[PDB]
Amino acid sequence: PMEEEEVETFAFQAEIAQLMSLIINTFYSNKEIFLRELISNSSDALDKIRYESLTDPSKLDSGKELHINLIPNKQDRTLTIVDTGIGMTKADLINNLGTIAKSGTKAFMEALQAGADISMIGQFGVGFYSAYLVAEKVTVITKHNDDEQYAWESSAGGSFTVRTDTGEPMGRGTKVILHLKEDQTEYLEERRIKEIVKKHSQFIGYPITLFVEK
Ligand SMILES: Nc1ncnc2c1ncn2[C@@H]1O[C@H](COP(=O)(O)OP(=O)(O)CP(=O)(O)O)[C@@H](O)[C@H]1O
Ligand SMILES: [Mg+2]
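Here the numbering of residues is sequential along each chain, from 1 in written sequence order, and it may depart from the entry's numbering. Residues without coordinates do not appear. Both sets of labels track the order of writing: A upward for chains, 1 upward for ligands. Just so you know, side-chain values use all the structure's heavy atoms and leave hydrogens and water out.

If you check the header, you'll see the entry was determined by X-ray crystallography and the resolution is listed as 1.240 Å.

Following this line, the structure appears as structure tokens:
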């Protein structure tokens, strides 16, 4: 019996779309900082659930462990960053991951044009989009307490989609699945991941574990 799923498509805010095009169609060295940006997001989300659970300990019913997992998959060429942080509601996804303007976007594009290192992306308030330095497509699966599990996805080009996720349930948190570009497969290698975590993500505040398939 055929299943029916609803999909909603959203336009990125105009300057966010411009930034994504810049990131994708311009050569930048030092792309490895994408992972720092994603781990920083996870750490921030872990702080949020940690503090919320001081007010309401039942907010940890959906899982007490506060941690980050990194999962390279050489078979399907994906690198996944999973956290057990606060997650995002549907409204959070739509608002926070593309539709609302960020005040630093224009300044950042000017900085890049003038030769700034791509590592400055976080300072300008748009760190997530560093994912597109290495990924041709990004899928974000997320589960916030008191809301359903959702999947956000974009291959850039000006829009993203959101749908209720009918895949494997997560208790609470977010998974960012990077479908790596063919020339960026170094980020599936355990040595390289270890190197960049050590270099850029030394003060995370939560355990991080790298899972490596035999
Ligand atoms: N792992 C995650 N868990 C929960 N929310 C996340 C998330 N990753 C991203 N987000 C949401 O997406 C927003 C945008 O993330 P982004 O990294 O671009 O900016 P930011 O708010 O972290 C400032 P910065 O530029 O310093 O990183 C976050 O503020 C948060 O609301
Ligand atoms: Mg961030």
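This part covers the site of ligand 1. Nearness is judged by heavy atoms alone; a residue qualifies as near a molecule or strand once a single heavy atom is within 4 Å of it. Near ligand 1 lie 13 residues; those nearest to it are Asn 41, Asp 83, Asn 96, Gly 122 and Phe 128. Contact between ligand 1 and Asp 83: a nitrogen atom at 2.9 Å from a side-chain N or O atom of the residue. The definition of a polar contact used here is a pair of N or O atoms within 3.5 Å, where within protein one atom must be able to donate a hydrogen and the other to accept one, and adjacent residues in sequence count solely through side-chain atom pairs. In this structure, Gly 127 approaches ligand 1 through a main-chain N or O atom, which is 3.2 Å from an oxygen atom. Here the open area of atoms and residues is found with the Shrake-Rupley method and a 1.4 Å probe, where only the protein chains shown may cover a residue. Summarising the interface, the protein chains cover 76% of the accessible area of ligand 1, which totals 600 Å² for the free molecule.

It is worth spelling out the pairing of strand β6 (residues 159-164) at this point. As paired elements, strand β1 (residues 8-11) and β6 share four bridges and run antiparallel to each other. When the bridges of β6 are listed, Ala 11 appears paired with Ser 159. Pairing of strand β5 (residues 149-154) with β6 involves four bridges; the strand directions are antiparallel. The partner of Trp 152 across the bridge, within β6, is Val 162. DSSP calls a pair of strands paired once it identifies at least 2 bridges connecting them. The secondary structure listing takes helices from DSSP runs of H or I that are at least 4 residues long and strands from runs of E that are at least 2 residues long, numbered from the N terminus. Count of turn residues in the β5/β6 antiparallel hairpin: four residues, of which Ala 156 carries a positive phi of about 65 degrees.

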